[PDB]
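Before any comments, here is the structure.
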Amino acid sequence: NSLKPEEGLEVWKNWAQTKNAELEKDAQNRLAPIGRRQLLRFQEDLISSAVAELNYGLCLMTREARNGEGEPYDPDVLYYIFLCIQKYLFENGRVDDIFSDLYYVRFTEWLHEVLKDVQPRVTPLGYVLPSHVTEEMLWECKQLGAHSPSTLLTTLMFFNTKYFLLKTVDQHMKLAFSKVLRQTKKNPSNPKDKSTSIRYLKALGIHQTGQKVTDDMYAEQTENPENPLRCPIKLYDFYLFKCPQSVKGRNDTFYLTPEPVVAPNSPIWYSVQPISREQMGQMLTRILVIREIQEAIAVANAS
Amino acid sequence: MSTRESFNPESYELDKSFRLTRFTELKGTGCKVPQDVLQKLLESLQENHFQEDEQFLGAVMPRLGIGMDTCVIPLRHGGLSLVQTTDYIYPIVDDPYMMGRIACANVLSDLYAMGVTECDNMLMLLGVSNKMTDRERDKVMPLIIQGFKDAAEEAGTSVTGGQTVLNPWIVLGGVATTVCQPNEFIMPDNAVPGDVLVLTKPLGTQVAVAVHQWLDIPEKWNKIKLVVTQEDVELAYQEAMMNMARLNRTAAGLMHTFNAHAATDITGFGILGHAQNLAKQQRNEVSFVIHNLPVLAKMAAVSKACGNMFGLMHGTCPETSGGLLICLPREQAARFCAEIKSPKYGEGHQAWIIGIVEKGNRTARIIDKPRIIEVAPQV
Amino acid sequence: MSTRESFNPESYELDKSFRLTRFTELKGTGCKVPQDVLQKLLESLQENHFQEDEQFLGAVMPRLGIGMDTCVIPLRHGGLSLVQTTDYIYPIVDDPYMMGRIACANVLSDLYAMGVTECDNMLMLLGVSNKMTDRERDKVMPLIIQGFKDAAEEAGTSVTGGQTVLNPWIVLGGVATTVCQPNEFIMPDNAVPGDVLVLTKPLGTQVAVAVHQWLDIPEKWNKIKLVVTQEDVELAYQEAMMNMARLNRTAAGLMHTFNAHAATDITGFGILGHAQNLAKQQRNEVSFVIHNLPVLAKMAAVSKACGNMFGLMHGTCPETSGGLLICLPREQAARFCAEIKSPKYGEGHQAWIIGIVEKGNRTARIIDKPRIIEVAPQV
Amino acid sequence: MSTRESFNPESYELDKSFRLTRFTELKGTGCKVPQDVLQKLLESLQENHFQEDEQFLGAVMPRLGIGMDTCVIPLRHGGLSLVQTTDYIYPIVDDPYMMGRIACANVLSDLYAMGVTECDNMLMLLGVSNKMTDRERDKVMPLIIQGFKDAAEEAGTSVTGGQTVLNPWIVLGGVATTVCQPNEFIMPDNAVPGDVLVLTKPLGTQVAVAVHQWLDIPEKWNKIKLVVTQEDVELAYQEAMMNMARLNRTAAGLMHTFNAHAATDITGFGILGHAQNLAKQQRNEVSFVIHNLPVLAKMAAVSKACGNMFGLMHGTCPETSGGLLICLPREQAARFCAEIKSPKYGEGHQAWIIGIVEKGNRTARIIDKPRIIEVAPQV
Amino acid sequence: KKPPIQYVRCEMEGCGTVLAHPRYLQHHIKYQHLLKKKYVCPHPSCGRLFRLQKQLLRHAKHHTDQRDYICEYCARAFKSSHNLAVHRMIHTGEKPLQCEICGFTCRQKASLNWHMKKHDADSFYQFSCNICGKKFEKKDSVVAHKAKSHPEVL
DNA sequence: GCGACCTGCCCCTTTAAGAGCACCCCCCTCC
DNA sequence: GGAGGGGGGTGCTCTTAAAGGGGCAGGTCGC
Ligand SMILES: [Zn+2]
Ligand SMILES: [Zn+2]
Ligand SMILES: [Zn+2]
Ligand SMILES: [Zn+2]
Ligand SMILES: [Zn+2]
């Protein structure tokens, strides 16, 4: 498929071998976070790695991960390799989410710093470069969907920043639940059409007042019959269904911090405390790297 | 046996005067006669410095777990965590079957404080009293073992292995262990301001147990002959014995269901002592305040009559096989009690909201004049 | 205090009259007066009818591990097996720090008998006596905790929990847990005829400890002086103290290297006490015979003075933190004892081939005329 | 500075027995046993017959702006005014630095009563006791002067002169002067029924000072040791020293903001005497009534125990560096306390509304049973 | 001078109260049961009846308008110390009571009684006043209801 | 058709007032 | 000398009802 776990496993193995060689040549005592008394070492196999070792091991890869040529990986392919690692972990029974689990916060920070000042490359003769990261890549790796509270919250950001074209972090932050409205707007032309979509005003500062054109000033999502698992309307409806009743009807913030503890039959997944600015920026920095979103925003702003 | 209303010594061909609690020497302060000293000793047992390891260059998860209860130990292989606990309780009830069940429930309660619904294996420590006639030991220990095993069966685990030793006082206890994935349990350090505290079992079990011993001694009985009669004391004894023998498996299940942040078991010390212990673990600056105190019927008055012996009001009274002290948001807690009270899965059991999580201090306290909720005698 | 060679009560602001062993009624039988009743109770608590499950229509390995000790419990994840042991004892040695090491070694002794070399976690139980003076407790208990933690460090394990209780007699112990793959432990049921049993530590520590305790009082010491000189106790006591503080970890590793068919721990029931138990679980029709008892220096003669209080010759002499009993083949035993005597790193110790193995009924037996070897003390 | 740590005589080459307070005959009635007579003398020196000047055929402010304190004395140039005050207190705290700060604050407090928040110049009167040895004089006096200058710095003024004289008792004081426009000071002669009195500092500083000096006299301590523990006395003394060493700049600044009618200070004569003096000044016919009496924690008990020595409940206990008794309207007072507790500039302090203003005959009283408010030792 | 604590019960039927000391038993008996008396408030239109002599002095406060208690913060006048103590809770921002079902915190039991209506609890209450069937939980609450409402007057 | 204004009714909170106990103060006392 | 009883008055905690301000929800008039 789009995402290959073997590549991530190989990169992790190479880094682990190099780090083990460095540690053994330094021959400095260092104790692992495991219960048994043993010298700290990064397992050559991902699965056996402890919860803490993966975090520290993953954090350093952002600075020491090499390739056959020896050139440091570019940010996009590095993010792709981390996604491959996550796919490998999911395949072999590990349930940890390296991008959302609270125990993996530092890895997110280092990845955000690496991806902070990245820009698309026009280096190839073609004027548009296709990023390795793709929409189908994140979907396959269970980054996007209704699996966990954090992934769902990320999914809304993905579709919000694609359709509403809210590339900037401030555009997202200004968003609030009250401003977003859902209208069936059922068309009598098609019986039982059951059209549904959410509209949001765009922050276009113009001297003229009033609604010049309904479509020009607003962006509306659309149902996806190709897969019910991907319909932005369905996910948005499921998002509200799993949020506290108090927050609905509030005009302060749209995104809510996930609950650290959730169950499949839990009525509520989200707290009443909006996500922090740093977390918002960290999530955004990763979403822009996608190829589909990147080209969508490139076309929108240019036109 | 469970079906029989009570353990009658004559039926088993033992002397009528025989009392299981006779071997132990009950004290007003319970098994925890020193509170600060035993607390410091327990902290010293868990005291460890090399585990900081430069904090592992970040917010490393604590191998100590809660620090004071149900330590979680990461494993080399599988990315799993070992979660095991241990607790020992001397006999305090006259029915050996029920007392063994109580010991098993007390041992398992610590796991349920971290939302570990299912247990892997359980060990048993069976102390044998020196001052016990050989004939008696052959009629009581089988009952205690059977109760322990039945409780283990009710908890989805089997008691295999253990140890048997001789001690002046009968010692009952064990070790409950579970090898579980990270998402299976709840680390109690996520409490935030605005939350509420939920208690799954009423307080005042120690008073009810102790008073039943005074029902025979005319010297001690006269000190409370006015405040509390005898039939209500017997009812409170029956209810405390039945309450101490339940299991918090449903509590753990609803804990996972309803977005719980932190929890702890009210076993030994007291509700206030355990609340103070819990507050220290919180990452944030949150201080607990306890407004209510569910106490068995006609037990607060006995505490007042007995003076400093018990001290229910101050929350320092020891408890055995006590309930959980969860920390849920308001709406989840409101739904929590409704579901546990009348669940379709099993039998109904009440739960009360007793406090509010205040911000700033990382300390626990009880308002100067707490309200007493006299738990109805199962009517 | 680790470097200190002995316990100096005057050095801790304590009167010389203080003795750690003073808090326990040391009987010749040791911890448990009965063995038939205690064995029956342990078998009762290690027996579960639902456990058999018609052998799962196959050859299911026992869930009780050795059957009598160190139970192995299959897990849901990855085919791992949870192996854990529990053992509690009372002080028998005056030195506090060395007592903690002995207690730690006792808990792990069962674990090493299954072949397990490395341990994950180790809880502990600290029984603080109510008779102990407040001033002493704040200074004596920390010595036990520190020694126990040091022993855990020696064992490549960390103490990350436990429990504290009040008990007329100081109670020390803990539970050690190891989650290991099937190729890391040895099930002791493969013994075959034509093998030899190897005991890795000298027998008869209880005799030395008890007589050393009698040293102070002259009522009983008068008759013991006739059979042995006083100065023998001082060195014998030190040897027993030191032989009860060295872990069998090295011996555990050599079982893997030398095709150890079975092994056990000599503690509590005595060398003949565990010989029968180890035999009853062998799936092959075999019997053990002990042709040699390597008694501690002159302890055999001392046992002759007291007709039955010790009973070493019959083999039912209680031992604390005793060595293993490995049923290697004849060829392996030759190199096994040599290897443990002169390890590459050092710290070797002598191991004695107590006897042999012959086909027949599943029972153990000490020959009618056992030979005695007086281990040479090291100084 | 002595703010970092308590003044230790040895640190400055002074003997342990040394105490600064030894140079004054402290008494429960303060630095003036016949309070009534000193009032007559102060009236005698203030009163001047020529100042009436036939009323100048009009109604204009008097030279003695209020006839009791902080004379205004209009000048010639620019129609300005010269508000000037003086005060002298003998040492009452062991710390020389804090004592100098207290003297400076007391000197400045008179101006802040009139709403003046700026001081152009200040003088200092430093008196050295005859009994003090030469070695002490050059070690304590520099600290006193440093504290006085530091206090002056915080007040936006500088000590630029003074005088030094020999005295049997240490005499510490100064004189504050300010040349201000007619609209920069509130002349405390306005008062209308419906207003509410406001106090900025708790009372009972003299009691705390006296008790702290009774910790060395065995005869006096035993009389009072029953009612108050030593820790309470220590914390009360610390709070009183911190309060007495605090400037009323914020209160004076807020007086203008919240439309203050009249104000004074509680330095000497107690709360009742100063209110009585203030009442006579009011142009209208208004009499004060005081219902609340904020006192330092536990000092009221000592006050009543000692007998007719302090009589805080009678509002006669003398105070040093006391607060301001501000007359404000009801809603302004409600806002006044809120802002002074958490000022925009920060470093707020609590204030109380101690009474009401009613139509009367220019007098002040205290209700029969004042509601004693025990101010806690915050931080 | 505090005597040791002993508990004695009023054996008279209808009074199961237990007192903190034998000293207080004589006072309880005399002032409650044995002393049967009737007084009338001097106010022209009050028409109330008080058997004790202590109660009348308190009642005189109701008819007059003497307010001798002043709040520290807002300078508001109250007729009794405990009323002020309840008032101060507004300024300190403390809510002691708390519902045991939905975790709803309030300042006074009057607010809590209102909240219990949502969590309908009068069903499990057994006590009730004879006149208007108020459906209280405890006993003395009925006495308080008979005092405030259904007053005993001429 | 949509809004502003007046007014009525309910909700929830705060103030006002009674009940009774525990306590102190004073006085008297006959042993 | 005296601890114990009698008589009186009082603060404190609890409880309930009444008063009151805020807000939701009608009917009427104006645009
Ligand atoms: Zn009565
Ligand atoms: Zn009246
Ligand atoms: Zn107020
Ligand atoms: Zn509620
Ligand atoms: Zn009624």
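Identifiers in the structure tokens: chain A, B, ... in order shown; residue index from 1 per chain; ligand index from 1 in order shown.
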**OP:** Identify, with DSSP run on backbone atoms, the residues in region 147-364 of chain B assigned to strand (DSSP E), and express the list as a VMD selection string.
**Re:** chain B and resid 158 to 159 163 to 167 172 to 180 196 to 199 286 to 296 325 to 328 352 to 359 364
Original post:
Got a sec to pull out which chain E residues are within 6 Å of chain D, counting only C-alpha atoms, and send them as an MDAnalysis selection string?
Top reply: chainID E and resid 72:74
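A straight line drawn from CA of residue 121 (chain B) to CA of residue 36 (chain C) is 26.3 Å long.
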Original post:
Could you write out as a PyMOL selection string the residues of chain F within 8 Å of chain E, counting only C-alpha atoms (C1' of nucleotides)?
Top reply: chain F and resi 12-13+15+17-19+21-22
Original post:
Pairing every Cα of chain D with chain C in order, what RMSD remains after the least-squares superposition?
Top reply: 0.7 Å
**OP:** Check which residues fall inside 7 Å of ligand 5 when counting only C-alpha atoms (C1' of nucleotides) and all ligand atoms, and print them as a ChimeraX atom specification.
**Re:** /E:129-134,145-146,149-150
Subject >> Environment of ligand 4 within 9 Å, counting only C-alpha atoms (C1' of nucleotides) and all ligand atoms, reported as a VMD selection string >> reply: (chain B and resid 334) or (chain E and resid 98 to 105 112 115 to 119)
**OP:** Skip residue 6 (chain F) itself and residues of its chain fewer than 4 positions away, then list as a PyMOL selection string all residues within 12 Å of it, counting only C-alpha atoms (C1' of nucleotides).
**Re:** chain G and resi 26-29
Generate the output file for the selected residues, N, CA, C and O atoms (P, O5', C5', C4', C3', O3' and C1' of nucleotides), as a PDB file, in the first residue's frame.
ATOM      1  P    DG G  26     -44.883  31.714  26.138  1.00  0.00           P
ATOM      2  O5'  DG G  26     -45.870  32.895  26.575  1.00  0.00           O
ATOM      3  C5'  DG G  26     -46.928  33.298  25.713  1.00  0.00           C
ATOM      4  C4'  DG G  26     -47.901  34.205  26.446  1.00  0.00           C
ATOM      5  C3'  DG G  26     -48.307  35.463  25.688  1.00  0.00           C
ATOM      6  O3'  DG G  26     -49.461  35.215  24.848  1.00  0.00           O
ATOM      7  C1'  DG G  26     -47.504  36.069  27.835  1.00  0.00           C
ATOM      8  P    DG G  27     -50.963  35.440  25.382  1.00  0.00           P
ATOM      9  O5'  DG G  27     -51.065  37.025  25.581  1.00  0.00           O
ATOM     10  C5'  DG G  27     -51.860  37.563  26.632  1.00  0.00           C
ATOM     11  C4'  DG G  27     -51.828  39.081  26.610  1.00  0.00           C
ATOM     12  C3'  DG G  27     -52.412  39.713  25.345  1.00  0.00           C
ATOM     13  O3'  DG G  27     -53.223  40.837  25.669  1.00  0.00           O
ATOM     14  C1'  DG G  27     -50.172  40.429  25.628  1.00  0.00           C
ATOM     15  P    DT G  28     -53.949  41.671  24.503  1.00  0.00           P
ATOM     16  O5'  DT G  28     -53.049  42.983  24.352  1.00  0.00           O
ATOM     17  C5'  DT G  28     -52.889  43.866  25.456  1.00  0.00           C
ATOM     18  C4'  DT G  28     -52.179  45.139  25.032  1.00  0.00           C
ATOM     19  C3'  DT G  28     -52.704  45.761  23.736  1.00  0.00           C
ATOM     20  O3'  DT G  28     -52.854  47.170  23.873  1.00  0.00           O
ATOM     21  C1'  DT G  28     -50.378  45.315  23.533  1.00  0.00           C
ATOM     22  P    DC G  29     -53.509  48.027  22.683  1.00  0.00           P
ATOM     23  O5'  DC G  29     -52.271  48.816  22.050  1.00  0.00           O
ATOM     24  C5'  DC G  29     -51.494  49.687  22.862  1.00  0.00           C
ATOM     25  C4'  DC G  29     -50.225  50.110  22.146  1.00  0.00           C
ATOM     26  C3'  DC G  29     -50.450  50.780  20.786  1.00  0.00           C
ATOM     27  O3'  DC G  29     -49.842  52.066  20.758  1.00  0.00           O
ATOM     28  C1'  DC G  29     -48.856  49.000  20.604  1.00  0.00           C
TER      29       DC G  29
END
**OP:** Pick out the residues no farther than 10 Å from ligand 1, counting only C-alpha atoms (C1' of nucleotides) and all ligand atoms, and list them as JSON, numbers by chain.
**Re:** {"E": [9, 10, 11, 12, 13, 14, 15, 16, 17, 18, 19, 25, 26, 27, 28, 29, 30, 31, 32, 33, 34]}
**OP:** Residues within 12 Å of ligand 2, counting only C-alpha atoms (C1' of nucleotides) and all ligand atoms: report them as a PyMOL selection string.
**Re:** (chain E and resi 39-50+55-64+151-154) or (chain F and resi 17-18)
Residues from last step as file, N, CA, C and O atoms (P, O5', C5', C4', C3', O3' and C1' of nucleotides), as a CSV table (one decimal), in the first residue's frame:
chain,number,residue,atom,x,y,z
E,39,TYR,N,-46.4,32.7,78.1
E,39,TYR,CA,-46.2,34.2,78.1
E,39,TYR,C,-46.8,34.7,76.8
E,39,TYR,O,-47.0,34.0,75.8
E,40,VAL,N,-46.9,36.1,76.8
E,40,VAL,CA,-47.4,36.8,75.6
E,40,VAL,C,-46.4,37.9,75.3
E,40,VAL,O,-46.0,38.6,76.2
E,41,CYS,N,-46.1,38.0,74.0
E,41,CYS,CA,-45.1,39.1,73.6
E,41,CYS,C,-45.8,40.4,73.9
E,41,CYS,O,-47.0,40.6,73.6
E,42,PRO,N,-45.0,41.4,74.5
E,42,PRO,CA,-45.7,42.7,74.8
E,42,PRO,C,-46.1,43.5,73.6
E,42,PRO,O,-47.0,44.4,73.8
E,43,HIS,N,-45.7,43.1,72.4
E,43,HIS,CA,-46.0,43.9,71.3
E,43,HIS,C,-47.5,43.9,71.1
E,43,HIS,O,-48.2,42.9,71.3
E,44,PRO,N,-48.1,45.0,70.6
E,44,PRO,CA,-49.6,45.1,70.6
E,44,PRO,C,-50.2,44.0,69.7
E,44,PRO,O,-51.3,43.5,70.1
E,45,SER,N,-49.6,43.7,68.6
E,45,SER,CA,-50.3,42.8,67.6
E,45,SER,C,-49.6,41.5,67.4
E,45,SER,O,-50.1,40.7,66.5
E,46,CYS,N,-48.5,41.2,68.1
E,46,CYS,CA,-47.8,40.0,67.9
E,46,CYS,C,-48.7,38.7,68.1
E,46,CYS,O,-48.8,37.9,67.2
E,47,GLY,N,-49.3,38.7,69.3
E,47,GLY,CA,-50.2,37.6,69.6
E,47,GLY,C,-49.6,36.2,69.7
E,47,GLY,O,-50.3,35.2,69.7
E,48,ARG,N,-48.2,36.2,69.8
E,48,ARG,CA,-47.5,34.9,69.9
E,48,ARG,C,-47.5,34.5,71.4
E,48,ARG,O,-47.7,35.2,72.3
E,49,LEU,N,-47.1,33.2,71.6
E,49,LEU,CA,-47.0,32.6,72.9
E,49,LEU,C,-45.7,31.9,73.0
E,49,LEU,O,-45.4,31.0,72.2
E,50,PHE,N,-45.0,32.2,74.1
E,50,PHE,CA,-43.7,31.5,74.4
E,50,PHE,C,-43.7,31.0,75.8
E,50,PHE,O,-43.9,31.8,76.7
E,55,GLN,N,-36.8,32.8,75.4
E,55,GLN,CA,-37.3,33.0,74.0
E,55,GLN,C,-37.8,34.4,73.8
E,55,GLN,O,-37.6,35.0,72.7
E,56,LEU,N,-38.5,34.9,74.8
E,56,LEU,CA,-39.1,36.3,74.6
E,56,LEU,C,-38.1,37.3,74.4
E,56,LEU,O,-38.2,38.2,73.5
E,57,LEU,N,-36.9,37.3,75.1
E,57,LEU,CA,-35.9,38.3,74.9
E,57,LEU,C,-35.4,38.3,73.4
E,57,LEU,O,-35.2,39.3,72.9
E,58,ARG,N,-35.2,37.1,72.9
E,58,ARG,CA,-34.9,37.0,71.5
E,58,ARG,C,-36.0,37.6,70.6
E,58,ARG,O,-35.7,38.3,69.6
E,59,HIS,N,-37.3,37.2,70.9
E,59,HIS,CA,-38.4,37.7,70.1
E,59,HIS,C,-38.4,39.2,70.1
E,59,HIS,O,-38.8,39.8,69.1
E,60,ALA,N,-38.1,39.9,71.2
E,60,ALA,CA,-38.1,41.3,71.2
E,60,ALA,C,-37.2,41.9,70.1
E,60,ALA,O,-37.5,43.0,69.6
E,61,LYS,N,-36.1,41.2,69.8
E,61,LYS,CA,-35.3,41.7,68.7
E,61,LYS,C,-36.0,41.7,67.4
E,61,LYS,O,-35.8,42.7,66.6
E,62,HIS,N,-36.9,40.8,67.1
E,62,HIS,CA,-37.7,40.8,65.9
E,62,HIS,C,-38.5,42.0,65.7
E,62,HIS,O,-38.6,42.6,64.7
E,63,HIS,N,-39.2,42.4,66.8
E,63,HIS,CA,-40.2,43.5,66.7
E,63,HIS,C,-39.5,44.9,66.7
E,63,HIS,O,-40.0,45.8,66.0
E,64,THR,N,-38.3,45.0,67.3
E,64,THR,CA,-37.5,46.2,67.2
E,64,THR,C,-36.7,46.2,66.0
E,64,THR,O,-36.9,45.3,65.1
E,151,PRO,N,-47.8,28.7,63.0
E,151,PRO,CA,-47.3,29.1,64.3
E,151,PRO,C,-48.3,28.9,65.4
E,151,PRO,O,-49.5,29.0,65.1
E,152,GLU,N,-47.8,28.7,66.6
E,152,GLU,CA,-48.6,28.6,67.8
E,152,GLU,C,-48.8,30.0,68.3
E,152,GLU,O,-47.9,30.6,68.9
E,153,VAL,N,-50.0,30.5,68.2
E,153,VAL,CA,-50.4,31.9,68.6
E,153,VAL,C,-51.8,32.0,69.1
E,153,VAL,O,-52.6,31.0,69.0
E,154,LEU,N,-52.1,33.1,69.7
E,154,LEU,CA,-53.5,33.3,70.1
E,154,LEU,C,-54.3,33.9,69.0
E,154,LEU,O,-53.9,34.7,68.2
F,17,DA,P,-36.4,39.2,62.2
F,17,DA,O5',-36.8,37.8,62.9
F,17,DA,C5',-37.9,37.1,62.4
F,17,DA,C4',-37.9,35.6,62.8
F,17,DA,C3',-37.6,35.5,64.3
F,17,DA,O3',-38.6,34.7,64.9
F,17,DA,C1',-36.2,34.0,63.0
F,18,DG,P,-38.6,34.6,66.5
F,18,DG,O5',-38.7,33.0,66.8
F,18,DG,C5',-39.7,32.2,66.2
F,18,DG,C4',-39.3,30.7,66.3
F,18,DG,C3',-39.0,30.2,67.7
F,18,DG,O3',-39.7,29.0,67.9
F,18,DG,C1',-37.2,29.8,66.2
List the spatial neighbours of residue 154 (chain B) as a compact mmCIF listing (two decimals) with N, CA and C atoms, in the first residue's frame - criterion: any atom at most 12 Å away, only C-alpha atoms (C1' of nucleotides), same-chain residues fewer than 4 positions off excluded.
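File out.txt, as written:
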# COMPACT_ATOMS: atom_id res chain seq x y z
N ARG B 101 -13.17 -13.84 52.45
CA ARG B 101 -13.66 -13.06 51.32
C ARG B 101 -13.25 -11.59 51.45
N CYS B 104 -9.58 -11.17 50.57
CA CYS B 104 -9.36 -11.18 49.12
C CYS B 104 -9.81 -9.87 48.50
N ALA B 105 -10.97 -9.36 48.92
CA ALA B 105 -11.47 -8.10 48.36
C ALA B 105 -10.52 -6.96 48.68
N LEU B 108 -7.49 -7.18 46.40
CA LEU B 108 -7.78 -6.80 45.02
C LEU B 108 -8.14 -5.33 44.86
N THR B 117 -9.57 -4.04 35.54
CA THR B 117 -10.77 -4.84 35.77
C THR B 117 -10.44 -6.30 36.03
N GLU B 118 -9.48 -6.85 35.29
CA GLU B 118 -9.20 -8.28 35.30
C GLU B 118 -7.83 -8.54 35.92
N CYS B 119 -7.74 -9.64 36.68
CA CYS B 119 -6.53 -10.02 37.39
C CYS B 119 -6.00 -11.33 36.83
N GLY B 147 -13.37 -19.23 51.37
CA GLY B 147 -13.81 -17.87 51.11
C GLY B 147 -12.84 -17.11 50.22
N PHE B 148 -11.54 -17.24 50.48
CA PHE B 148 -10.55 -16.59 49.64
C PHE B 148 -10.69 -17.04 48.20
N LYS B 149 -10.82 -18.36 47.99
CA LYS B 149 -10.90 -18.89 46.64
C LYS B 149 -12.18 -18.46 45.94
N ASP B 150 -13.30 -18.44 46.67
CA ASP B 150 -14.55 -18.00 46.07
C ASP B 150 -14.48 -16.54 45.66
N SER B 158 -7.66 -16.92 39.78
CA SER B 158 -7.51 -18.12 40.59
C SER B 158 -6.34 -17.95 41.55
N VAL B 159 -6.56 -18.33 42.81
CA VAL B 159 -5.52 -18.22 43.83
C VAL B 159 -4.65 -19.46 43.75
N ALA B 245 -17.16 -7.05 51.75
CA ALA B 245 -16.94 -8.26 50.97
C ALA B 245 -17.35 -8.11 49.51
N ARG B 246 -17.71 -6.91 49.07
CA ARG B 246 -18.03 -6.70 47.67
C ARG B 246 -16.72 -6.58 46.89
N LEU B 247 -16.82 -6.24 45.61
CA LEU B 247 -15.66 -6.02 44.77
C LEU B 247 -15.88 -4.76 43.96
N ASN B 248 -14.79 -4.04 43.69
CA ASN B 248 -14.83 -2.79 42.96
C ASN B 248 -14.64 -2.98 41.46
N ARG B 249 -14.96 -4.16 40.94
CA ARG B 249 -14.82 -4.40 39.51
C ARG B 249 -15.74 -3.49 38.70
N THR B 250 -16.99 -3.35 39.14
CA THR B 250 -17.90 -2.43 38.48
C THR B 250 -17.39 -1.00 38.59
Original post:
What gap, in Å, lies between CA of residue 3 (chain B) and CA of residue 94 (chain B)?
Top reply: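 Distance reported for this atom pair: 15.7 Å.
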**OP:** Can you work out the spacing between CA of residue 205 (chain A) and CA of residue 252 (chain A) in Å, to one decimal?
**Re:** 21.0 Å
Subject >> Exercise: residue 62 (chain A) partners within 12 Å, only C-alpha atoms (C1' of nucleotides), chain neighbours under 6 positions left out, as an MDAnalysis selection string >> reply: chainID A and resid 11:12 15 55:56 72:79 81:82 106:115
Subject >> Residue hits in chain B, query chain C, radius 6 Å, only C-alpha atoms, as a PyMOL selection string >> reply: chain B and resi 46+64+160-161+166
**OP:** Return as a count of residues only the residues belonging to chain A that are within 6 Å of chain C, counting only C-alpha atoms.
**Re:** 3
Original post:
Running DSSP on the backbone, which parts of region 15-245 of chain C land in alpha helix (DSSP H), as a ChimeraX atom specification?
Top reply: /C:36-45,49-52,96-112,134-154,205-214,218-227,230-243
Original post:
Neighbours of residue 7 (chain G) within 10 Å (only C-alpha atoms (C1' of nucleotides); same-chain residues fewer than 6 positions away dropped), as a VMD selection string?
Top reply: chain F and resid 26 to 28
Now that the selection is made, can you save its residues with N, CA, C and O atoms (P, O5', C5', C4', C3', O3' and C1' of nucleotides) as a PDB file, in the first residue's frame?
ATOM      1  P    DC F  26     -18.722  36.150  87.843  1.00  0.00           P
ATOM      2  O5'  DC F  26     -19.924  35.942  88.873  1.00  0.00           O
ATOM      3  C5'  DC F  26     -21.156  36.613  88.663  1.00  0.00           C
ATOM      4  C4'  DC F  26     -22.257  35.998  89.502  1.00  0.00           C
ATOM      5  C3'  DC F  26     -21.927  35.860  90.988  1.00  0.00           C
ATOM      6  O3'  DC F  26     -22.598  36.863  91.740  1.00  0.00           O
ATOM      7  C1'  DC F  26     -23.047  33.908  90.101  1.00  0.00           C
ATOM      8  P    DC F  27     -22.239  37.086  93.289  1.00  0.00           P
ATOM      9  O5'  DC F  27     -23.132  35.996  94.042  1.00  0.00           O
ATOM     10  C5'  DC F  27     -24.538  35.980  93.845  1.00  0.00           C
ATOM     11  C4'  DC F  27     -25.146  34.698  94.381  1.00  0.00           C
ATOM     12  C3'  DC F  27     -24.724  34.332  95.802  1.00  0.00           C
ATOM     13  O3'  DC F  27     -25.744  34.684  96.732  1.00  0.00           O
ATOM     14  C1'  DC F  27     -24.808  32.414  94.324  1.00  0.00           C
ATOM     15  P    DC F  28     -25.471  34.576  98.311  1.00  0.00           P
ATOM     16  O5'  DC F  28     -25.798  33.051  98.652  1.00  0.00           O
ATOM     17  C5'  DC F  28     -27.093  32.526  98.392  1.00  0.00           C
ATOM     18  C4'  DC F  28     -27.096  31.015  98.516  1.00  0.00           C
ATOM     19  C3'  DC F  28     -26.556  30.486  99.841  1.00  0.00           C
ATOM     20  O3'  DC F  28     -27.623  30.092 100.694  1.00  0.00           O
ATOM     21  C1'  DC F  28     -25.726  29.229  97.938  1.00  0.00           C
TER      22       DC F  28
END
